[PDB]
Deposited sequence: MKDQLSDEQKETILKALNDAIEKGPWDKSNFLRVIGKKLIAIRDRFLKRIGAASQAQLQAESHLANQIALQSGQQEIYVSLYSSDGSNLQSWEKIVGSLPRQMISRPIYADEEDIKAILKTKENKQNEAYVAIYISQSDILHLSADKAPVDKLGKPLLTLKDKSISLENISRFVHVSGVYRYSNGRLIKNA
């Protein structure tokens, strides 16, 4: 009666489900066939839960990672990205690899998503959250700081650093993704 499930328990349950689905009379009748689908949907639900374990954990941790970041001279930064083939969920991966510049960088996530909202294509636009060193930021006064197409300040970064290996999310219309590293991205 502990709530957390071990891998072996999860495996035993999956097996029970496979076996029940594989051997039941679910193709013998209209009634039975419908029950067969219900089962497949039950097994499906369950695989969606366990499949999601790791992303859920990373989500529950991201608050912690944030509070640590503030008090160790780090911050999460947001980089706007553009592709010519924005529908190809694979042509994005090759662009993220060439980050280590001219793209717009925002301190507030609300601002970069606002800017994306204005874009026409909306399929050719994405962005990555990135953990930064916060000593890496060249702090311009508000009198000097570049601004976007809304009157919102952008961040500028000091030279030849910030090739940071800690992305932590990739936002797109398709959905929120994750750098595998691996050089591919996916999440659900």
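- Task: Could you list the ranges of the deposited sequence that have no C-alpha atoms in the model?
- Result: Residues missing from the model, as numbered along the full deposited sequence, span only 101-103.
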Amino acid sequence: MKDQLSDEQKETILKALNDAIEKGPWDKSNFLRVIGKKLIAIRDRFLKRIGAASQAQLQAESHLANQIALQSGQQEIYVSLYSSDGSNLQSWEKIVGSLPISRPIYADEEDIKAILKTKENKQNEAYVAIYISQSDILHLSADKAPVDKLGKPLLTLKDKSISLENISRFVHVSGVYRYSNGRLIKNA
From here on, numbers count along this sequence of modelled residues.
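- Query: Quick one: higher average CA temperature factor, 44-52 or 128-136?
  - Reply: In the deposited entry, the stretch with the higher C-alpha B-factor mean is 128-136.
- Averaging the C-alpha B factors as listed in the entry, name the stretch that ends up higher: 177-185 or 3-11. Stretch with the greater average CA B-factor: 177-185.
- Among 163, 156, 66, 141, which residue carries the highest C-alpha B-factor recorded in the PDB entry? Of 163, 156, 66, 141, 163 has the highest C-alpha B-factor.
- Query: Lowest, middle or highest third of the chain for the C-alpha temperature factor of residue 27?
  - Reply: Ranked within chain, residue 27 CA B lands in the middle tercile.
- Item | Among modelled residues of the same chain, the CA temperature factor third for residue 148 | Bottom third by C-alpha B-factor.
- Item | residue 57 CA temperature factor, ranked by third within the chain | Its C-alpha B-factor, which the entry lists for residue 57, ranks in the lowest third among residues of this chain.
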